[PDB]
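Here is how the chains run, residue by residue.
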Amino acid sequence: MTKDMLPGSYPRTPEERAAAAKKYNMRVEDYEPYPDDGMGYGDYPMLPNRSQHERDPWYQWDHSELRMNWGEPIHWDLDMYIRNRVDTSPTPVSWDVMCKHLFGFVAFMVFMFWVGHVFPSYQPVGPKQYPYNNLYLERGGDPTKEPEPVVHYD
Amino acid sequence: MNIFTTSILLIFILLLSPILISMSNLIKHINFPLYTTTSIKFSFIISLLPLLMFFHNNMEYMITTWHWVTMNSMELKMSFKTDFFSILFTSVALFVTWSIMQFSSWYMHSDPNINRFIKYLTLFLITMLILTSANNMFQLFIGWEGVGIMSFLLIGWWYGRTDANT
Amino acid sequence: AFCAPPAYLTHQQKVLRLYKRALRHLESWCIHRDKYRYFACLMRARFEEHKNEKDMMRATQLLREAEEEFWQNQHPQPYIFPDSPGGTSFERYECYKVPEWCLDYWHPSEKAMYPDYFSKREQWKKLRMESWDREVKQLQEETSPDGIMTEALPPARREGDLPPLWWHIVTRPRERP
Amino acid sequence: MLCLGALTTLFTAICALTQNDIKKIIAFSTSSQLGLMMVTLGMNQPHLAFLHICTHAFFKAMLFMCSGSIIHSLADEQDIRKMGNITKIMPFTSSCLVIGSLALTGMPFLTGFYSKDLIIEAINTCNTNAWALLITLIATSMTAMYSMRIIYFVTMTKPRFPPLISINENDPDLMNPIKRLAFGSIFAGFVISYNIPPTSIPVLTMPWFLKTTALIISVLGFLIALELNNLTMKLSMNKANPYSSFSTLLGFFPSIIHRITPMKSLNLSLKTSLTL
Amino acid sequence: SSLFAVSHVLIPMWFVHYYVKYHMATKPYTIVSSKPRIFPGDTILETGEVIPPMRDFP
Amino acid sequence: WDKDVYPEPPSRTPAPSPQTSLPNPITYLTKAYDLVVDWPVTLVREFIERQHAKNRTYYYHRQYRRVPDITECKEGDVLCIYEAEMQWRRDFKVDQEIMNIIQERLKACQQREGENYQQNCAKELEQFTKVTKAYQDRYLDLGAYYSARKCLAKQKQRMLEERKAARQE
Amino acid sequence: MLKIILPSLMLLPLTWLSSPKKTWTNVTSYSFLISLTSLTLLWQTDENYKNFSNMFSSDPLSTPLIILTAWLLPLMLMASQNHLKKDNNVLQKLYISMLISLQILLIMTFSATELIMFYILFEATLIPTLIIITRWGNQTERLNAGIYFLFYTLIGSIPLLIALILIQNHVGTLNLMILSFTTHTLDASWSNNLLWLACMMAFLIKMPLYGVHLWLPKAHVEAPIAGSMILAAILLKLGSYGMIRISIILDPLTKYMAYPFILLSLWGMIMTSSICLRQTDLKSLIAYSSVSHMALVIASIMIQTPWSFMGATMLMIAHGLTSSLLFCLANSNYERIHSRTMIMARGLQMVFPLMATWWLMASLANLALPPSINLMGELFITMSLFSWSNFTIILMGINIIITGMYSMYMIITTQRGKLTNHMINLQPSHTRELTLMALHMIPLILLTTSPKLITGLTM
Amino acid sequence: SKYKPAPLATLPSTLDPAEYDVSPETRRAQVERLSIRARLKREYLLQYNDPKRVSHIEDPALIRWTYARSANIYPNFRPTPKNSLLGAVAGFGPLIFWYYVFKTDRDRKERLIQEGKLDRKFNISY
Amino acid sequence: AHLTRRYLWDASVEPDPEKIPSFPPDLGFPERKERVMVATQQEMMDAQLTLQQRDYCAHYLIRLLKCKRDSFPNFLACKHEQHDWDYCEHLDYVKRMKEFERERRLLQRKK
Amino acid sequence: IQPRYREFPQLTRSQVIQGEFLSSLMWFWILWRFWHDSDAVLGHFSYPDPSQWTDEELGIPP
Amino acid sequence: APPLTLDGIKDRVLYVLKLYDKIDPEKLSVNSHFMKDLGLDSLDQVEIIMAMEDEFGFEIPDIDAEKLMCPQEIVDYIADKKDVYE
């Protein structure tokens with residue numbers, strides 16, 4: 001390969017835009033570089049932030065399991081927007097209401113667990129009675145010390 | 001006693017015999033899934049004996065089959081906690097695995113590399129019986145991570161599709 | 001999969017694809033056959049109405065409204081055939097679709113285990129090598145001079161010729177090897 | 001442990017509702033019963049959780065193997081909307097599957113009782129948290145519901161499968177394993193519970209509406225699911241809801257988290273880490 | 001058909017019993033089990049010591 | 001093996017005392033297991049034992065004699081310091097093995113007492129805690145570069161603290 | 001030791017005086033025999049370490065590095081045999097001579113008693129590496145890579161010479177046994193903190209730290225292979241060894257001059273593994289993984305506890321083996337596609353179903369698989385760090401997660417998927433490059449079967 | 001209407017105001033697009049199924065991508081505000097945060113030690 | 001249903017499950033007979049019982065375990081033994097409910 | 001064995017007999033172990049009504 | 001679960017086509033067009049392809065369904081896809 005076939009810097013002229021789009025195999029009215037905030041982006045095109053799920057699954061692409069062709073400029077983020085990693089496909093339900101419903105359900109669950117902690121459900125019964133001073137000796141008693149004769153009643 | 005420990009160890013040995021013969025040149029000339037199925041069956045039949053012994057006497061043995069390494073007052077060693085839970089889970093898992101092995105010999109034909117599937121099932125069962133019988137926690141983590149990878153490999157059985165891998 | 005799409009993609013097949021996916025999502029909702037049949041007839045009535053408008057600025061808005069009211073009733077879990085995208089068994093056997101060129105690296109101990117196959121294969125490859133140059137020439141001498149072109153792949157006109165760019169269509173691995 | 005297990009037992013149960021794939025339904029059944037077992041660990045009754053382990057094994061194995069028979073019999077198709085009338089075209093698989101579903105529910109003498117009865121008895125005889133009790137009971141009802149959903153859409157309605165019938169239930173590498181698991185799912189809980197040593201002391205002095213609450217609520221879930229799955233047979237255009245998609249989709253938890261969390265992770269991993 | 005048994009069950013049991021008996025039960029604390037759970041009213045094999053019964057319930 | 005280092009209470013077992021007029025599959029399987037597995041195995045081990053006794057060989061323990069400790073050692077004399085550091089490292093390894101022995105005792109006691117362990121496994125517990133505190137006052141807050149001099153500095157700081165304490169009436 | 005490094009010198013005439021057709025074979029076999037005779041110094045029946053002369057010694061930290069250095073040479077030599085096969089015979093033999101020089105100098109480093117011996121040899125190692133990277137690299141960035149890799153080291157190492165010279169003028173000997181038994185506590189002044197930095201920020205460059213690591217990707221990505229093997233396997237460990245040796249004369253300054261470096265190592269480990277999650281170049285992915293691993297060794301040596309030094313040794317050896325293995329596995333595909341881009345070829349395990357097992361095992365070594373000397377090291381240094389501060393596990397766990405992720409992603413997007421049907425040049429396999437992976441993995445299994453050896457000074 | 005797109009969960013082809021334009025100025029755009037697509041497709045095929053093609057295909061777009069993401073970064077890096085401040089933050093902020101975390105923990109620990117209090121009843125191996 | 005009575009209406013006079021022996025034992029009791037044990041400590045220990053398990057009703061558990069050991073085949077042998085253990089435990093639970101209701105009726109004595 | 005298009009296929013006695021046997025064995029087991037042990041309806045013991053109890057039993061003064 | 005042949009495919013396709021009731025059982029042939037030879041619409045063609053899909057248990061994509069306008073074209077498509085002849 002060589003220089004004219006590889007990327008470069010922001011074109012900043014119409015003829016450079018045209019040469020860059022002809023390099024990247026694009027339509028000049030579709031070419032759109034990055035906005036020159038000052039970063040590694042030079043003449044490399046901005047493409048739509050759309051995943052590889054949204055590409056036609058039935059078309060026999062040249063790069064199957066990637067949904068691309070031998071040319072077809074690669075998005076800067078073709079290491080995250082692949083089928084295996086991230087999906088920006090639409091949903092029948094919208095992002096806003098989905099997040100609202102999920103967070104509300106979780107928060108209501110938390111609130112009701114707190115309400116259950118403060119309104120427990122105890123069987124109307126006392127505590128169990130254990131005979132030998134709550135088994136003082138069978139739970140590390142230190143037999144030399146004298147115990148605390150706590151006693152239950154019939 | 002000898003019978004208890006002998007049976008416990010013999011289970012793992014039977015389960016390792018298929019993985020031994022898989023690395024040999026004898027996967028041909030026999031029917032490897034039937035051999036594995038029979039190994040699981042005999043392992044279950046052997047595992048019943050510790051179960052009956054426990055139901056009788058309720059002893060909850062502890063074995064330290066092999067010493068691995070000392071680390072400044074820390075003796076890493078292979079050791080098994082052969083209590084209620086271990087035996088009752090071992091027997092059940094071997095029962096279900098025998099049945100699943102017959103099924104996976106019926107299902108999973110149309111697959112040339114069915115023996116790899118069978119070997120992976122045996123390896124999962126071995127990691128599970130390590131996890132289930134462990135007395136240490138390094139051994140338990142061996143079985144833990146083993147289960148994890150086995151699920152990675154069996155979920156991703158059909159490695160062509162980009163949903164099984166996800 | 002076999003035929004490549006156009007650019008314009010006129011109104012009619014948009015409407016028809018809408019009809020198809022709508023009937024399918026209805027089948028998903030209306031699980032039982034009687035119900036799906038009833039509501040499919042009702043949907044065909046809905047489409048038959050407004051079939052003849054002659055107003056390409058009314059039919060398009062009817063399309064947009066119908067697509068919107070489809071999206072507001074899109075089944076979340078529709079039916080998907082296996083061996084189709086988004087479904088089970090889609091790329092399942094792709095792990096078992098080995099190409100043809102892998103036989104070029106076989107040893108003469110496996111090839112000896114299948115001699116007649118390779119006897120036919122060598123003459124297949126000979127056919128390919130013979131037809132390649134004429135095939136390239138045919139594609140060269142049929143270029144649209146205005147510039148625009150498609151993935152249409154013209155056929156062979158003469159005898160002794162082969163339809164251009166066929167070795168990847170022919171020789172494609174079977175779907176259940 | 002109590003609150004988390006109860007949350008799971010509710011969530012995966014209501015999510016199994018309005019699922020079409022059998023395998024996912026059994027997965028959410030596993031998650032629900034597992035949440036119930038974690039609920040059991042939420043109190044000092046782990047041995048009962050282990051009994052539920054040993055009994056759940058047989059149910060799930062049998063259910064998945066009946067499902068796999070149903071699947072490999074016909075093509076790779078796994079969705080109840082194209083399964084049809086399996087009581088008649090596969091009597092063996094249907095019989096075993098119904099046994100497994102009934103035992104998954106708290107049917108009184110099929111190895112699901114010998115844990116689940118004690119489970120619900122313990123949980124309505126303990127002083128921990130009322131919302132956990134309530135949603136676990138609702139989840140048991142939902143267990144009855146989705147079991148009835150499988151039994152309806154797979155085993156009772158008319159055929160929806162394609163017309164080329166190539167079923168073969170006859171293979172000894174198929175019938176014998178589910179037969180063994182069925183003898184398991186009928187006998188092993190009795191055997192185990194009457195052979196194990198006694199631990200995790202049970203409470204049994206309590207009113208009648210707590211000793212029969214699991215049976216009642218499972219029966220009532222069966223009734224509701226029967227009625228509601230009969231409601232689809234008649235002609236009326238049913239609509240989507242804000243409900244029925246929180247179940248069809250999984251509360252949108254995958255559809256959100258699996259595409260924001262890796263998004264921010266990977267974006268921060270390229271920029272702010274490598275190229276910055 | 002018991003050649004499978006004698007070549008997959010007996011030989012490993014022989015080796016394993018050899019190990020358990022002459023490399024594990026020799027070393028001190030390899031095999032450790034709980035107490036055998038005596039009950040009132042049994043004679044003990046080791047000493048003949050009879051555990052007495054429980055005082056009579058009402 | 002040595003039941004004074006590794007003590008084991010006697011395995012008192014109750015007599016069977018059966019009630020059923022029915023069989024136990026454990027015992028007959030034990031008879032079969034014995035007369036199948038234990039008899040040829042015992043034959044093989046007796047063969048191996050007599051073949052050992054044909055040509056018996058012995059080995060020893062290498063008693064290491066004590067040496068001038070580092071407190072009797074001059075600042076700079078690298079030979080004395082080397083010998084003292086060596087005998088210290090020897091004692092250090094021995095102390096780790098002692099700690100391992102006591103931990104082993106504790107675990108075995110916990111298993112044999114099993115459920116009722118926190119009342120009759122306190123002897124080994126205290127025998128573990130005491131030696132633990134010794135190790136802690138002896139080797140703990142050092143690092144990878146432990147040495148006789150560092151242990152000595154630690155001991156000296158601790159004796160200084162104790163002197164300052166007992167200064168108080 | 002002399003019996004190990006004289007035969008290693010005799011391997012050079014063995015190259016130059018042999019036939020062109022019987023030179024790889026003889027030198028490979030005799031290198032395996034050097035590796036064999038490098039096991040006599042594992043005969044340590046005692047606590048006292050093995051001094052053979054004023055020059056040479058061997059402790060349990062030296063010996064694993066010695067053996068691994070002697071063992072890598074046949075592997076480098078066979079991996080280097082497909083490329084430069086069409087090279088002239090003198091060029092081959094020059095490659096062989098450079099590799100053997102690396103062997104000799106590195107053995108001399110790990111066996112050295114004084115620090116100046118170690119210095120001149122630690123720096124002599126630069127010349128073979130630079131020659132290998134530059135004359136036999138395939139690309140044009142190899143020159144800038146060599147410049148980076150040389151001058152980072154020299155910048156760090158000149159202060160090291162100054163500090164060693166100071167220590168000689170202050171004590172008199174600079175020998176490691178005597179600096180052990182005669183080490184005065186330091187007065188805790190700036191004049192000694194600069195000494196700490198001068199002694200440490202030569203090794204910390206070479207390990208490397210995250211503040212300074214740009215030499216390691218540029219070199220791994222551009223060295224042919226064998227340079228990459230060495231640069232991943234023992235040149236990074238040549239800094240850890242030095243830290244473990246020199247830290248003894250810097251107490252108590254390590255209690256507070258270590259916070260920045262522990263912290264840099266931890267955060268930059270997370271940063272590097274996140275980079276590994278998203279990286280077009282496979283040979284760079286391995287390199288950033290090496291940074292994310294050696295950072296733990298940095299933090300561990302800074303903590304200076306027994307568990308920590310131990311786990312550092314374990315991780316050192318394990319990482320060396322598995323990283324060399326992964327570089328071999330990537331080179332196996334690079335010798336066919338001639339591209340380091342990973343997403344190019346992504347549907348293997350059809351053609352290479354056995355190499356795809358070596359891939360899997362190499363990755364499971366990389367991530368924390370428990371029955372492995374990788375997880376033993378990672379776990380023990382995690383335990384040391386938790387003792388140090390309980391709030392470090394929050395970072396180690398993020399690392400564990402990302403380290404499962406990038407390794408499994410590597411495996412998937414390289415092996416699993418649909419075969420790139422447009423690659424007729426995927427030749428079946430080489431018995432040579434299968435034996436390579438076997439010889440990398442069989443040691444891992446053996447050392448896992450007996451890690452009593454692979455520990456260090458403290459166990 | 002009743003669908004709110006986002007950066008994720010994008011707007012489909014079915015509901016965009018475009019995809020229904022029947023203007024004459026969008027059509028020639030789409031046609032030049034298809035022409036480029038088909039040109040490069042016929043190139044990739046004429047290289048794919050050429051016998052005597054023994055090697056693979058080089059795929060220059062992937063190479064341009066790797067170069068843009070590896071080596072074309074620093075030449076086009078220009079320091080600016082929102083670059084310098086962002087780098088200073090993302091470099092030295094987590095550093096300082098974890099510094100104060102660990103410092104507080106260690107200080108509290110040595111305090112509670114030297115006071116002669118800390119519960120280390122069995123810490124042996126450290 | 002004895003939870004409405006404190007969470008909804010008539011609160012602060014129904015007992016808490018904790019502090020159930022709030023008032024002294026002998027209030028209203030002119031004489032008292034302390035509860036007895038029949039299973040001594042050595043029997044109850046050597047039978048290898050669990051701490052939760054060795055309550056006042058442990059002797060019937062010992063009998064059940066003696067059955068389940070001696071007549072091990074025919075594990076269905078002694079159900080009467082388990083019935084006795086369950087009956088004694090039911091009576092213990094009834095004593096527990098009795099203490100609850102005692103305290104409930106006594107918090108109403110205040111007002 | 002053969003396939004059949006759009007029609008109901010001939011069923012083997014094996015599978016139907018085995019299904020009937022498993023199902024009937026399940027129902028036999030339920031009837032048997034429910035007739036014997038009907039302790040799921042209610043237990044041997046009654047939940048006593050506490051409100052109707054005395055206070056002499058509880059020992060309460062006015 | 002046996003395979004399928006070109007004659008079987010033809011028979012099944014005509015079986016499906018002999019029950020639409022807009023195509024009478026006669027008037028059809030294996031080459032018979034739908035629009036010109038039988039007076040069918042486009043939506044009817046879509047319904048026909050749906051019938052083929054839920055007959056054979058797989059999907060015909062829309063781009064290819066737009067082309068299928070004779071039953072022999074359907075048979076050719078299913079024959080090329082499922083790899084029938086051998």
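Analysis parameters
Residues numbered from 1 in each chain as written, not as in the entry; some residues may be left out. Chains lettered and ligands numbered in written order. Part of a larger assembly, values for the part shown. Heavy atoms only, no water. Helix = DSSP H or I, 4+ residues; strand = E, 2+ residues; numbered from the N terminus. Buried < 20%, exposed > 50% of the residue type's maximum accessible area, 1.4 Å probe, protein only. Areas by Shrake-Rupley, 256 points an atom, 1.4 Å probe, with all protein chains shown as cover. Contact = heavy atoms within 4.5 Å. Buried area = accessible area lost by both parts, 1.4 Å probe. Salt bridge = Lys/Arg side-chain N within 4 Å of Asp/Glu carboxyl O. Polar contact = N/O pair within 3.5 Å; in protein donor to acceptor, adjacent residues only side chain to side chain.

Asks: For this particular structure, what's the right way to read the overall build of chain J?
Replies: Within chain J one finds 1 helix and 1 strand. Taken along the three principal axes of its C-alpha coordinates, chain J extends 90 × 25 × 10 Å. The proportion of buried residues among the 62 residues of chain J is 29%. A total accessible area of about 4500 Å² is found for chain J, and carbon and sulfur atoms account for 60% of it.

Asks: Hey, could you run me through the interface of chain F and chain I in this one?
Replies: Frequently, the measure chosen for interface size is the accessible area removed from exposure when the parts meet. Contacts between the two partners involve 17 residues from chain F and, on the opposite side, 13 residues from chain I. Summing both sides of the interface, chain F and chain I together bury roughly 1100 Å²; the carbon and sulfur share of this comes to 47%. Considering only the side of chain F, the residues that lose the most area to chain I are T20, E115 and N116 of chain F, jointly responsible for 38% of the buried surface there. The tally of links from chain F across to chain I stands at 1 salt bridge. Here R12 of chain F and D46 of chain I are joined by a salt bridge, their closest N and O atoms 3.6 Å apart. Here chain F and chain I share 2 residue pairs in polar contact between them.

Asks: Even after reading the chapter, I still don't get the arrangement of the chains, so can you show me in this structure?
Replies: By number of contacts, the leading pair among the 33 pairs of chains in contact is chains A and H. With no contact between them, chain G and chain I keep their nearest C-alpha atoms 34 Å apart.

Asks: For this particular structure, what's the right way to read the pattern of salt bridges?
Replies: Here the idea is simple: oppositely charged side chains can pair when their charged atoms come close. Per the stated rule, a full pass over the model turns up 79 salt bridges over all chains. Residues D117 of chain D and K211 of chain D are paired through a salt bridge, measuring 3.7 Å at the closest nitrogen-oxygen approach. Of this pair, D117 of chain D sits in helix α6 (residues 113-123) while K211 of chain D sits in helix α9 (residues 208-211), and the two are 94 residues apart along the sequence. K211 of chain D matches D117 of chain D in its accessibility class, with the two residues each being buried. Between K21 of chain E and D38 of chain F there is a salt bridge, with its nearest N and O atoms 2.5 Å apart.

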